[PDB]
Every structure is written in structure tokens, then in C-alpha cells.
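The deposited numbering puts the first sequence at residues 213 to 269. The structure appears below as C-alpha cells.
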Amino acid sequence: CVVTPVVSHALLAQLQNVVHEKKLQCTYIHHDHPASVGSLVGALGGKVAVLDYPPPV
RNA sequence: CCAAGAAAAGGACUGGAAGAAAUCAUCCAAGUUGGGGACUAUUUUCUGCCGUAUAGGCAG
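So, in C-alpha cells, the structure goes:
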């Protein structure tokens, strides 16, 4: 069977708040032309936060 | 049969100028290292002639 993933609006928007409030390890991903990708990406100025948990090597 | 499949970040460049770290000084006093002792054994090197000769040369 072929699978196509898609990003959840509700889930990503919550993560942007939790990492800054709970002080989690994170970084930022840039998007050119934020208005062409979506409501949230535009509101965030083209910078979106993600979790960063590398292995202890 | 992998958030699957493909991919050239490149080209150029003058950090410079100038300067005083200085004056002073008490480490001292005492002191028990000692007592005992096998380098030779199953070793290998003897016996002679010439030569003034413990020199130098020789047979067995």
C-alpha cells in the first residue's frame, strides 16, 4: 500500500508554544515567502521551531 | 522496496601611527644507625731437547 504523510495544523501549532514555555531543546527551520506556505508560518515570520534531541555519542 | 527518485555556491581585497614600574627588609634554636658471615669445587694446561739466559725458538 502507498502512504502519503501530511502535517497536522493543531499539533504543530501547540508545539510552538510548549517548547518555549517548558524550556525544551529546540532549533528553527526557515521558509522563504511565508505567505505562500500557510497561516502559521506567516504569523511566525518564516521561522518554525522543532525539537532537537541528538544521541549521547 | 527508506518524508521515496535527480543535483558544482562561486569570483575580488594593505589595520595602522606613539610610549620609564618603582622605593624598604635578620629564618633561627637541639640531636648516637647498630648487630653476624668461607669463592672454590670431579680441576683439564703435564714430559723434554737447543740457546750465557725465568729472553726467543722447537718435537712429542
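We treat Cβ as the ideally placed atom computed from N, Cα and C, and that holds for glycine.
Rounded separation between residue i and residue j - CA only
i           : j           : result
residue 229 : residue 265 : 18 Å
residue 222 : residue 252 : 10 Å
residue 243 : residue 236 : 22 Å
Whether residue i touches residue j by CB criterion (8 Å)
i           : j           : result
residue 238 : residue 263 : yes
residue 267 : residue 258 : no
residue 241 : residue 260 : yes
Cβ shell of residue i (< 6 Å), same chain only, five flanking positions each side left out
i           : result
residue 254 : 246 and 247
DSSP-derived helix/strand/coil call for residue i
i           : result
residue 236 : coil
Own chain partners of residue i with C-beta closer than 7 Å, once the 5 adjacent residues on each side are dropped
i           : result
residue 225 : 252
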